[PDB]
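> coords please:
(2 chains)
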Amino acid sequence: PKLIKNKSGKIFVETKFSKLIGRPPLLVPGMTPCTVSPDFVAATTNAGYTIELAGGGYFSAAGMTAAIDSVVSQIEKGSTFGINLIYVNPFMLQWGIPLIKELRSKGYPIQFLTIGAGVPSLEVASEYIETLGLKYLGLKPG
Amino acid sequence: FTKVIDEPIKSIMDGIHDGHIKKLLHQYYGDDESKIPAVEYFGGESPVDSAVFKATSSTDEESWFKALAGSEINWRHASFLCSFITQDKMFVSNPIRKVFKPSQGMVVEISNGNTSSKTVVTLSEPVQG
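Residues are numbered from 1 along each chain as shown, chains lettered A, B, ... in the order given. What follows is the structure:
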C-alpha cells in the first residue's frame, strides 16, 4: 500500500482497486434490504465511496429503472455506482442483464456489476464482460 | 464494531480511511505528509516539448494514444487516455480518442509538451492532396 494525493490535497490510500476507481479502496456491498434504498445509495456515493444497488429488492426492470433514476437524480454530476444481482434466481438475471445493457447503451453511470450467490459460467461471464460495457465486473466466490 | 447508532455513512467510511491513512503515514512515511507524492488526479489506471507523430495502417492504437497522452498526469493525459467523458450526468465514449484514432496519413504535432498549461496538440491530415 502507498499514499498519494491530488491537486486539491486530498490524501488517498493508493491500491490497485483505488488506482482503478479513483476513490478510497472501501466499498459497501449490495445488501438486500439495506442497499435497496436509492437514498442510501445516493448518500454513500455522495460521500465519495463505492456502493452497489441491491437487485434483490426489485422484481421487474421497471421498478429497478425507477430506483436507478432516483439514484441518478440524487447524486452529483460525474458520480457513479454499481448494481448487485443474485445468480440463484434466473428471473432476476433474465430481466436485469438486458436492463443493464440498455441503461449502459443510454450512458447511465453504472460503473460495475457484482454477481452474488454464485459465480457465472465462462460463457455467461464473457457475455457480461463483452456486451454490458461496464468498467469492471465484481464476483463473490464462496 | 457496530455500536454507534445513526452515525452518518460519510463519518464511518471517512473514519476507516483516515485510520488507514494515519497508520500508513506513521509506518511508511515518517509521519510527514510532504513525503506523499502528488498527481493532478487520482484514478483511471487499469490494473494490468516538441514532437511529431505519424500513423500507418499498422500503428498500435494503445501505443499511439500513450505517446499522445505523454507521461505526466494532466489534462492531456486524461484527454487521450480516459475511456469515457461525462455528459450532463451520463457517460459516453471519449470523443477526443475517436477523433485521433490512428490511420494512414494522420500527422500529430505536439508543441510545448513539458508545460501542460500551454501544450497544444495539432492534428493534420491530407486534405485535397
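> please count neighbours and contacts with C-alpha atoms only from this point.
Noted.
> how near is the residue in chain A that chain B sits nearest to to residue A:101?
Going by Cα to the nearest Cα, chain B is nearest to residue A:22 of chain A, at 3.6 Å. Distance, residue A:22 to residue A:101, using Cα to Cα, to the nearest Å: 24 Å.
> residue B:128 too?
In this structure, residue B:128 and residue A:101 are 42 Å apart, going by Cα to Cα.
> what's near enough to touch the residue nearest to residue B:118 when sequence neighbours are not counted?
With sequence-adjacent residues excluded and distances taken as Cα to Cα, 6 or more residues apart in numbering or on different chains, residue B:118 is closest to residue B:112, at 6.3 Å. The neighbours of residue B:112, taking Cα atoms under 8 Å, 6 or more residues apart in numbering or on different chains as the test, are B:49-50, B:118-120.
> ok, now residue B:92?
Counted by Cα under 8 Å, 6+ apart, residue B:92 has contacts A:107, B:84-86.
> longest helix in chain A, by number of residues?
helix A:90-105 (DSSP state H).
> what's the first helix or strand after that one?
With elements assigned by DSSP states H and E, the helix or strand that comes after helix A:90-105 is strand A:110-116.
> what's in contact with that following strand?
Residues from elsewhere that reach strand A:110-116 (Cα under 8 Å, 6+ apart): A:30, A:52, A:80-87, A:104, A:134-140.
> so which of those residues belong to strands?
Under the assignment DSSP state E, those contribute A:52, A:81-86, A:136-139 to strands.
> please pick the buried ones from these.
Burial by neighbour count, judged by 16 or more other Cα atoms under 10 Å in any protein chain shown, picks out A:52, A:81-86, A:139 from the ones in strands among the contacts of strand A:110-116.
> hmm, which two among the residues you listed are most spread apart?
The largest separation in these, counting by Cα to Cα, is between A:81 and A:86 at 17.1 Å.
> tabulate the contacts of residue B:92 (CSV), appending neighbour count.
Listed next are those as CSV, based on neighbours: other Cα atoms under 10 Å in any protein chain shown:
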residue, neighbour count
A:107, 18
B:84, 19
B:85, 16
B:86, 15
